[PDB]
Amino acid sequence: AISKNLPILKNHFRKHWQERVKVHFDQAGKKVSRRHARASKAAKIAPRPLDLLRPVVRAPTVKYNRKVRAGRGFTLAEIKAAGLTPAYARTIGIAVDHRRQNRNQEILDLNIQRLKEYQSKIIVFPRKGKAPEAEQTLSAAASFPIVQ
Amino acid sequence: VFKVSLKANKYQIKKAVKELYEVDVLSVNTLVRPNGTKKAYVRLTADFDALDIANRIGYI
Amino acid sequence: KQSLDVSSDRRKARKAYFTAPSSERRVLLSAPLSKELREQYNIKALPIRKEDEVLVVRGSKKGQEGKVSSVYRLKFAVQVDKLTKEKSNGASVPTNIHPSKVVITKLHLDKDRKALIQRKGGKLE
Amino acid sequence: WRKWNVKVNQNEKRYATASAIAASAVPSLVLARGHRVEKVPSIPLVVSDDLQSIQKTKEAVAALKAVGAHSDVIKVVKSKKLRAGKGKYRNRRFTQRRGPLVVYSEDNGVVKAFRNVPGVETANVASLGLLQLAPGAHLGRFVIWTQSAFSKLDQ
Amino acid sequence: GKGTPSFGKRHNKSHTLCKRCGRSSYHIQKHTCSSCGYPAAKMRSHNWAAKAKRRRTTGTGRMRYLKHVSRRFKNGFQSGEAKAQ
Amino acid sequence: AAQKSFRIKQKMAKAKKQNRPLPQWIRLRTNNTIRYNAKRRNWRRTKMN
Amino acid sequence: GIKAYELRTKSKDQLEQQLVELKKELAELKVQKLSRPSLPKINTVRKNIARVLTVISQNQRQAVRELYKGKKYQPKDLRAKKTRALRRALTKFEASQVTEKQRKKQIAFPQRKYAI
Amino acid sequence: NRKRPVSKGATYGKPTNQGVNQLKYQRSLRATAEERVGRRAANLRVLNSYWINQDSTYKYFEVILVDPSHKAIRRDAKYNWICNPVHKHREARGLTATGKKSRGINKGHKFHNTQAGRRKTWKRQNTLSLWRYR
RNA sequence: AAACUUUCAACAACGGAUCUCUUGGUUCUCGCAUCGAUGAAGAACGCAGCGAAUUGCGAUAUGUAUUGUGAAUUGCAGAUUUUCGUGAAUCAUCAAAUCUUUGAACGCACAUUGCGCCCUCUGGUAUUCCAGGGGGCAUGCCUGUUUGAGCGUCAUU
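Residue numbers (full-length UniProt numbering), protein chains in the order written: chain G, 2 to 149; chain D, 83 to 142; chain E, 3 to 127; chain H, 106 to 260; chain Y, 2 to 86; chain X, 2 to 50; chain C, 3 to 118; chain U, 70 to 203.
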């Protein structure tokens, strides 16, 4: 045991690891099933996008604060200002996130405009009868990217 | 002398013999064969000849 | 191949064939139909059946023809009248023949053979 | 969990592809790696995009016939034989060589048309992999390009 | 004579025919199968016994019912009958 | 034994009838390998229960 | 021998008589069986007995269904065997049944479609 | 406490595990009550329980149980969920309230070593995960 | 010199290597979610014209019904004409049934084909006895049910 100027490897195989080995041969074939299930959503959903429209948010910490990023959902401030309800925002595919709060006017404007551009770019199908479709754009994030 | 179904009492036989052949059974003696089927040995009363009723049923 | 609901696996195919049930086997025992008949019926090949009418085309028995007693779906063969080995004792045994050799020349007609033909895309009876 | 798939550097791979598409030119490289390309009127063999239209196999073979293959398509036909292995009983029962490779930019049935022809591996330029361009790691598969594809290599 | 002669004295039966697995492994001075732990309700079976799962699982036997569920699932638990074409 | 149980006699009744050889007409079946019966139990050689 | 569709028409008293006619012929056969090497007739006649018995039962059971049609609690054999799980698990009425709060909510806010 | 059964205290093994006595069954007393009534009242489905009383000898627990067979439940959607087959013996699996505490299932930093599930996170983080390309 | 021993040949043994095969495995991927008191899994004994095993099934026993297919099955024997047909088949399918004795196993037992009791019907002079046919009788818990129990406790003659 031990040896020549050779660095101290810490390796963790003293337990029965060879029972719990997981090799992702699937990887390549899983992808398929994801692509295929994303498509099956898109047909099932039909005109809508696969994704709900998500807001912009500044990542936490010293390390990442400089970066901006896509958060969970939109806040009952940013929605109310953009002129709708959280109850209804959900029906039009805006991610509402109750538990985020809003202490930066220069982030809200980023979002409020983002909601205003969304409510613009989408059309809503009347519930009553006619549904004049204009294809599906599959992602919101495609059409509404998080430019820093 | 019959082969009989297992799960068949000596009453059940007497009745079936009497019912099929319109015979008066004096007395049944069953047994169970090593092969694993019952075998009745049914006696008919004085009046009924076994010999004729044997060629009546079929087996001479 | 192109679809994903079909196998280039030999090992599976052979299993299927040798284990296939009579219902399937009937199909696998198609004989082609003659150069004469094909023009009449527009049908290259039918499943071979009990009434036979058949010119053997490959083997020692090629040229010779006949009717048939029985299709041996269990040996995938079709026994044929006249086409016989003779054992040393003088008794006559039927030769086995695989149908795709054998060529049908005077089909047996039935509602269900007509219907099959009409279903397969065949003019006339 | 033994290492089956082996990572390669994207860049190395490209290098190697490029370097295979070098070899697609130069007859010397192409003639060594099989290919009856003595009847052909010089290589970097591009063909019009009229072949790109082709629908049926009959017309695709008729293109190759007149272009300068057929010495290659006879190759892949005569060459077929049983494997010399147990691989016979693992779904590799027969072998046969690689014929040319029809690169193209666009598909209006080329893929379908060449499909059944026993040598011809079609392939997009978009992909154009070293598995198809330098098989057996023998540089210089005889590529039949299209006027579209061959234009698109610069891009 | 702990051997050939004391084997002589082997002429009884610790065990007999267990109801439940028809093994000759029904102890009697204990009233219970060593094999299948009848008359207790579960089958006396263990993980450590890898093979002796294999010797008695679903499929070792007939599966008079369960041979034919897969079908009934596949046809979607139909009821009634077919008619004609 | 003589003074036997019925669940015993029934299992012997099985094992008497089982012991009989391979009936010579299976030998002629198409796709048959069974030249002779393996499962065949002389009363001395091998016991039962 | 006997065809199902021919039995289906016959009455309950007719079938019992028919069954007895077969069970005699079966009996006379098994007497002839022991005096002859091969007796293959026996198989087809033993099917008939079944044919009949099946036809008898099938009529009986459709007739029981005929009485219990409508009312709750038909006999266990005349419910759908399905598979315990399903036969226990909530019926498409139940589960889809939604509390009155959640009904309202749905009506005011159903997932409206929307492009782009 | 739980007494480690072992004949006579003969634990056999590393003196660490010679401990027989001061030993504390990790499922509460609440749960054990819910569990014991579960097996008694097999048709019922435990829903929750609550403490009543105790003394020297015993804790006492009032256990509330619900009948998924019964219709008043099965129809009315407020309870109807409990009739699903993934609530058969919630008490045994530790899907009861006591169960989830005793499993150590809160959010946060004070509950890493169990959160999804103790034997889960372990079996996630005691796994060698190998890709195609390594 | 022969015999013998040894070596080596051809031919012959023994033996089953090698080669070639391959309805088996094998790992990998994908899809699905479906046992059981409506008796599961398992077992036992049976059942085929000629079966010992296997395969299938349960006294309707290598099957019945239904549907499809459209003439087989095939070792022999054998039918049956059903072969311009509501129809061959060790065919597929499968939604109707049968499903012996068991088995969680459930009347109580169970090294026993033991021992009951109840309802109903048919035999024997029969409400009670015997016998035969049918249908029952497990435990827990749950919701109700009726019948009750406790000066636990309220209000009345």
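All residues carry an ideal CB built from backbone N, CA and C; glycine is no exception.
is_contact[residue i, chain C] using C-beta, thresh 7 Å
i, result
"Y141 of chain D", "yes"
"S71 of chain Y", "no"
"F78 of chain Y", "yes"
"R114 of chain U", "no"
"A111 of chain U", "no"
Cβ of residue i within 7 Å of any chain E Cβ
i, result
"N196 of chain H", "yes"
C-alpha distance - residue i paired with residue j, whole-angstrom precision
i, j, result
"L134 of chain U", "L113 of chain U", "6 Å"
"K108 of chain E", "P240 of chain H", "54 Å"
"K12 of chain X", "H32 of chain Y", "21 Å"
"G92 of chain E", "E67 of chain E", "22 Å"
"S144 of chain G", "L116 of chain G", "12 Å"
"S37 of chain C", "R8 of chain X", "33 Å"
"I46 of chain G", "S140 of chain G", "12 Å"
"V89 of chain U", "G82 of chain U", "12 Å"
"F126 of chain G", "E102 of chain C", "27 Å"
"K93 of chain U", "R73 of chain U", "9 Å"
"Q20 of chain C", "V54 of chain C", "8 Å"
C-beta neighbour in chain D for residue i, strict 7 Å
i, result
"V33 of chain C", "yes"
"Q11 of chain X", "yes"
"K17 of chain X", "yes"
"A2 of chain X", "no"
Buried/exposed call for residue i, threshold 16 Cβ in 10 Å
i, result
"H140 of chain H", "buried"
"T119 of chain D", "exposed"
"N112 of chain G", "buried"
"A122 of chain D", "buried"
"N50 of chain C", "buried"
"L113 of chain D", "exposed"
"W49 of chain Y", "exposed"
"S118 of chain U", "buried"
"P56 of chain G", "buried"
Minimum Cβ-Cβ distance from residue i to chain H less than 7 Å
i, result
"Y129 of chain U", "no"
"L164 of chain U", "no"
"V33 of chain G", "no"
"residue 2 of chain E", "Shown here, chain E extends from 3 to 127; a query on residue 2 of chain E therefore has no answer."
"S9 of chain E", "no"
Residue i - partner residues in DSSP beta bridges
i, result
"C34 of chain Y", "Y:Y27"
"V69 of chain G", "G:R59"
"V24 of chain G", "U:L199"
"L48 of chain E", "E:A33"
"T251 of chain H", "H:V152"
"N229 of chain H", "H:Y209"
"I106 of chain E", "E:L35, E:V56"
"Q123 of chain U", "U:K128"
Minimum Cβ-Cβ distance from residue i to chain G less than 7 Å
i, result
"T196 of chain U", "yes"
"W200 of chain U", "yes"
Cβ distance (whole Å) where residue i is taken to contact residue j below 8 Å
i, j, result
"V58 of chain E", "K103 of chain E", "6 Å"
"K77 of chain E", "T47 of chain X", "That pair is no contact at about 39 Å."
"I50 of chain E", "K122 of chain E", "Wrong, their Cβ atoms sit about 14 Å apart, outside the cutoff."
"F75 of chain G", "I93 of chain G", "Contact doesn't hold; Cβ gap of about 11 Å is too wide."
"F199 of chain H", "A165 of chain H", "Not confirmed; about 22 Å, so no contact."
Chain X contact for residue i (CB, 7 Å cutoff)
i, result
"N117 of chain D", "yes"
"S26 of chain Y", "no"
Any chain Y beta carbon closer than 7 Å to residue i
i, result
"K115 of chain C", "no"
Residue i at chain U interface by Cβ criterion, 7 Å
i, result
"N110 of chain H", "yes"
"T85 of chain C", "no"
"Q99 of chain C", "yes"
"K11 of chain G", "no"
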